[PDB]
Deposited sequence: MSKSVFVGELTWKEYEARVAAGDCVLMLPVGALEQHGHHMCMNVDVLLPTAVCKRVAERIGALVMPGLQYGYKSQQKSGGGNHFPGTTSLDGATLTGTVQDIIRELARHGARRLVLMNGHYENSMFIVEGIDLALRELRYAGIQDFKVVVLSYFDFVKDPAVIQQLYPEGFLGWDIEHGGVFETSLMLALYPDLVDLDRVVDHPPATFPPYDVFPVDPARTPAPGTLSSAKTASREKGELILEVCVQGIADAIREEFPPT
């Protein structure tokens, strides 16, 4: 297994003892994803990508963070939806910080933080900064971290044309995530429940408290009507290949 949770402490210790072991931590969220998909999507996708990348490059995968930062209207629909269960920023930051501190204690020095929930980004960044500050105080400056959101690896316009024949800041519960889920966890997707509505549009600013009227009723920012397993397989291949390459580049054996 590539999952740290499924290893004995002796197996884990042996792996870290190699001195060049790469650890990966999926960071997601429990968030509404429309009428057609489950709420753990942001955990499932990065965990699936991590699993495959780890198998491909020989890394290990830490237990994923199941709860993330508050859902924002323009990226996740808004934190007023039922089901969505969010943490305060300080809580998420402290979790990332504590884990890095512990990995450093083990002797590990390479970590990939794979985000699957857009809103988590800056809180993961602060967690990394605070942890690295402490490590320096402990006399450790050789701990290296690579942070990324798996979905940022699908930029190639060529690939985009394939996913959107008819032609990113509106891909919550849409074609992208739904396609990936159809390729990975089809049993957790019910396409017949998709509400085919027009893409959500927003002015160049944000309003608080969140106004429910500004988010499409289903909670999705765009329709997943044209999602497919074929598209998900393409997305999966692009992400896994790209991320695996980045890791080989940043953490060579």
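By the record, the deposited chain contains unmodelled runs at 1-3, 171-173, 260, with no C-alpha atoms placed there.
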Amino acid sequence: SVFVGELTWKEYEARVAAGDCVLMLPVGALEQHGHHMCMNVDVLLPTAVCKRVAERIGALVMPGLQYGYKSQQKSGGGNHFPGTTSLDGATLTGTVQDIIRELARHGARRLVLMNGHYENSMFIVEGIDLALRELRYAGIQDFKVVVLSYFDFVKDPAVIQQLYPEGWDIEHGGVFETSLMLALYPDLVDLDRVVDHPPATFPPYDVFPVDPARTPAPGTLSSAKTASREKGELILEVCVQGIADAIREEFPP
From here on, numbers count along this sequence of modelled residues.
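Comparing 106-114 with 171-179, the stretch with the higher mean C-alpha B-factor in the PDB entry is 171-179. Taking the mean C-alpha B-factor of each stretch as recorded, 87-95 and 145-153 are not equal, and the higher mean is that of 145-153. Per the deposited coordinates, the residue with the largest Cα temperature factor out of 194, 30, 48, 38 is 194.
The entry assigns its greatest Cα B factor, within the set 128, 159, 122, 135, to 159. The PDB entry assigns residue 163 a C-alpha temperature factor belonging to the highest third of its chain's modelled residues. In this PDB entry, the Cα temperature factor of residue 199 sits in the top third of its chain's modelled residues, the highest group. The PDB entry assigns residue 218 a C-alpha temperature factor belonging to the middle third of its chain's modelled residues. For residue 43, the recorded CA B-factor ranks within the middle third of the chain. Only modelled residues enter the ranking. Annotation for residue 65: C-alpha temperature factor in the lowest third relative to the rest of the modelled chain, per the entry.
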